[PDB]
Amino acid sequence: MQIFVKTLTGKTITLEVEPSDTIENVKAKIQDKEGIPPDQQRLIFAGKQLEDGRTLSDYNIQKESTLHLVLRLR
């Protein structure tokens, strides 16, 4: 299926994922298309931070639903 990842600035990215894909796999697909290392990535869905070990189906994230990406450069 397809999901969307949007930054708070407005930039939008499309990803080809499966409901069983983990948030860690999602952050890997983001790096393969944006070059952002996953350690700096913080994914948010409905105000809730997404754990790397969890899957999209754990959060019931449906197709064409939107995840939010904020960067942590520390």
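Don't overthink the numbering: it's just position in the shown sequence, from 1.
task = Can you work out whether the C-alpha temperature factor of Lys29 puts it in the lowest, middle or highest third of the chain?
result = For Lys29, whose C-alpha B-factor we compare with every modelled residue in the chain, the answer is the middle third.
message = Among the modelled residues of this chain, does the Cα B factor of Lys11 put it in the lowest, middle or highest third?
response = Highest third, going by the recorded CA B-factors of the chain.
query = Among the modelled residues of its chain, does the C-alpha B-factor of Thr22 lie in the lowest, middle or highest third?
reply = For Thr22, the deposited C-alpha B-factor lands in the highest third.
task = Quick one: classify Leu71 as lowest, middle or highest third of the chain based on its Cα B-factor.
result = It belongs to the highest third of the chain when residues are ordered by C-alpha B-factor.
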